[PDB]
Amino acid sequence: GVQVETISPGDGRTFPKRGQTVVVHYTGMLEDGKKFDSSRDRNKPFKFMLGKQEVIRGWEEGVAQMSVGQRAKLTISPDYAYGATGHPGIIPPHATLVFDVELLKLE
Ligand SMILES: C=C[C@H]1CN(Cc2ccccn2)C(=O)[C@@H]2CCC[C@H]1N2[S@@](=O)(=NC)c1cc(Cl)cc(Cl)c1
């Protein structure tokens with residue numbers, strides 16, 4: 001599944017709702033290992049719409065538990081991420097992923 005560990009609290013009341021655009025900054029790494037991507041490196045937040053199967057399952061479930069302004073560490077098992085095959089060039093097979101995610105706003 002996905003484990004959410006709070007780094008910095010959000011407002012504790014404003015959570016993503018189905019059909020909203022969720023706006024975040026993140027950095028992703030293999031667990032206790034190497035970084036593979038950061039929205040911060042592009043100076044452009046990442047957006048996705050909740051409820052539209054736009055992201056891996058661990059994101060969908062993990063980010064939904066976050067309130068606006070929260071920063072958290074999401075640890076995502078392979079079956080909640082890229083599973084047995086990974087993703088070419090970026091995620092290996094059977095990989096546990098860790099994302100540092102900051103929920104900036106809901107649009
Ligand atoms: C920047 C885009 C998303 C990509 N996706 C959705 C996804 C993943 C694979 C193929 C199609 N769509 C995701 O579900 C996850 C988590 C949300 C942040 C990014 N990824 S990602 O960091 N996963 C290793 C990723 C994945 C790709 Cl194909 C490119 C980039 Cl720049 C980053």
Side-chain angles (χ1 to χ4, degrees), residues 1-17 19-43 45-52 54-107:
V2 53
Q3 306 160 233
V4 179
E5 292 174 276
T6 297
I7 299 173
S8 172
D11 75 357
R13 48 190 297 183
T14 313
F15 297 93
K17 290 162 283 285
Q20 284 187 307
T21 300
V22 185
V23 181
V24 307
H25 262 311
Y26 68 91
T27 302
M29 71 199 81
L30 306 181
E31 183 159 26
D32 292 317
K34 288 199 199 307
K35 170 184 179 193
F36 50 80
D37 192 58
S38 178
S39 60
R40 292 182 190 283
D41 287 341
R42 295 188 281 286
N43 302 306
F46 174 70
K47 304 191 180 174
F48 75 101
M49 182 175 286
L50 198 78
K52 293 300 163 157
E54 287 182 11
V55 297
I56 58 169
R57 186 153 61 116
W59 265 58
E60 189 81 17
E61 164 175 334
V63 176
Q65 291 170 47
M66 291 176 69
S67 58
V68 175
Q70 188 180 348
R71 191 155 176 179
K73 190 162 69 165
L74 275 57
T75 304
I76 304 176
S77 64
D79 53 314
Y80 277 58
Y82 292 88
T85 71
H87 196 69
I90 181 157
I91 301 297
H94 298 282
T96 297
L97 309 187
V98 170
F99 289 82
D100 187 306
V101 179
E102 179 179 13
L103 174 54
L104 298 167
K105 65 181 68 168
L106 303 169
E107 272 181 355

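Order of appearance sets the numbers: ligands from 1, and atoms from 1 within every ligand. FYI, the numbering just counts along the sequence from 1. Note: hydrogens, waters and symmetry copies are ignored here, and every other heavy atom, side chains too, is used.
- Near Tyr26, meaning under 4.0 Å from one of its heavy atoms, ligand 1 places the atoms 1 (C), 18 (C), 19 (C), 22 (O), 32 (C).
- Residue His87 approaches ligand 1 through these ligand atoms, each under 4.0 Å from one of its heavy atoms: 9 (C), 10 (C), 28 (Cl).
- The backbone N or O of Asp79 lies less than 3.5 Å from a partner atom in the side chain of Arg57, making a donor-acceptor pair.
- Cluster membership check: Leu50 shares its hydrophobic cluster with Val68, using side-chain heavy-atom separations under 4.5 Å among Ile, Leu, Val, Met, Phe, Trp and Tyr.
- Listed for the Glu54 side chain is a donor-acceptor partner under 3.5 Å among the backbone atoms of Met49.
- By heavy-atom distance, the residue among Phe99, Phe46, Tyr82 lying nearest atom 25 (C) of ligand 1 is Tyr82.
- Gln65 contributes a side-chain N or O that, together with a main-chain N or O of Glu61, makes up a donor-acceptor pair within less than 3.5 Å.
- Within ligand 1, counting atoms from 1 as listed, the ones closer than 4.0 Å to a heavy atom of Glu54 are 6 (C).
- Residue contact check for ligand 1: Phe48 places no non-hydrogen atom closer than 4.0 Å to it.
- Using a 3.5 Å distance cut-off with no hydrogens or angles, the side chains of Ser8 and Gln70 do not pair a donor with an acceptor.
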Inset, instruction - Take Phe46 and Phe99 through the ring pair (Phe, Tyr, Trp, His ring centres under 6.0 Å) test and state the conclusion after the steps. - result: CA-CA 13 Å; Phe46 174 70; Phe99 289 82; 9.4 Å; no
Inset, instruction - Kindly determine whether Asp100 and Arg40 satisfy salt bridge (charged side-chain N to carboxylate O under 4.0 Å, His left out), including the steps that lead there. - result: CA-CA 11 Å; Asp100 187 306; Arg40 292 182 190 283; 5.0 Å; no
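- Residue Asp37 places no N or O, backbone or side chain, under 3.5 Å from any N or O of ligand 1.
- Heavy-atom proximity to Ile91, at under 4.0 Å, picks out these atoms of ligand 1: 24 (C).
- Of all the listed residues (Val55, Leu97, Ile90, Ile56), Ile90 holds the heavy atom that lies closest to atom 29 (C) of ligand 1.
- Under 4.0 angstrom from ligand 1, the non-hydrogen atoms of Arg42 all belong to its side chain.
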